Amino acid sequence: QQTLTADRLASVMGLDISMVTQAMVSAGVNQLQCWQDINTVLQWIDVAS
Amino acid sequence: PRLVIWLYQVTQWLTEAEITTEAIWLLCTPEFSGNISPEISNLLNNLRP
């Protein structure tokens, strides 16, 4: 479905909510629709770390 | 000091019992996804008849 939220993903994967929100803002994605958005967010998070 | 002793005792127990902090968090957290899971759907489908 399209009910995945940033907070749920951050809690599940063990990241910090602030980092996930900032990565989502930077990557230009506002909704986690497909795997591409998640991949982009994770790439931004990894580069930042 | 009570909080410090509690943290020390809990961490020692977790290290001795070979349980990661994430596992204990999943065991004792009060938060939940709030979305019905495929396991629950299968349980309901098998239980209704």
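Criteria and thresholds
All residue numbers given refer to positions from 1 along each chain's written sequence rather than to the entry's numbering, and residues for which no coordinates exist are omitted. Chain letters start at A and ligand numbers start at 1, both assigned in the order the entries are written. Here we see some chains out of a larger assembly; the values all refer to those chains and nothing more. Excluded from the side-chain calculation are hydrogens and water; included are all heavy atoms of the structure. Axis lines are fitted to C-alpha atoms, over the contacting stretch for helices. Their N-to-C directions set the angle, which ranges from 0 to 180 degrees. By definition, any uninterrupted DSSP run of H or I lasting at least four residues is a helix, any uninterrupted run of E lasting at least two residues is a strand, and each is numbered from the N terminus. Angle categories: roughly parallel below 35 degrees, roughly antiparallel above 145, roughly perpendicular from 65 to 115, and oblique for all the rest. When the near helix sits turned anticlockwise from the far one by under a right angle, the crossing is termed left-handed; a clockwise turn instead gives a right-handed crossing. Throughout, a contact is declared for two residues whenever any of their heavy atoms are within 4.5 Å. The nonpolar class holds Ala, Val, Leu, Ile, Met, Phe, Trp, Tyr, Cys and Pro. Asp, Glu, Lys and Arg form the charged class, and all remaining residues, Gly among them, are polar. Nitrogen and oxygen atoms within 3.5 Å of one another constitute a polar contact, given that in protein one can donate a hydrogen and the other can accept it, and given that sequence-neighbouring residues count only through two side-chain atoms.

What the entry reports as its method is cryo-EM, with 3.40 Å given for the resolution.

S.K.: Looking at this structure, how should I read the packing of helix α1 (residues 6-13) of chain A against helix α2 (residues 17-27) of chain A?
M.R.: Axes are the key here: two packed helices are described by the angle between their axes and the distance separating the axes. Residue and element names in this part refer to chain A. Running from N to C, α1 and α2 point in directions that differ by 130°, and their axes come no closer than 9 Å. As summarised for this structure, α1 and α2 are arranged oblique, according to the angle between their axes. Relative to α2, α1 is oriented so that their crossing is right-handed. Contacts between α1 and α2 involve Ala6, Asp7 and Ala10 from the first element and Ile17, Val20 and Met24 from the second. For the contact of α1 with α2, a count of residues per class yields five nonpolar, no polar and one charged.

S.K.: Can you walk me through the side chain of B:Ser37 in this structure?
M.R.: Tracing the backbone shows B:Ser37 in the loop between α2 (21-28) and α3 (38-47). At a separation of 2.7 Å, a polar atom in the side chain of B:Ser37 contacts the side chain of B:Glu39.

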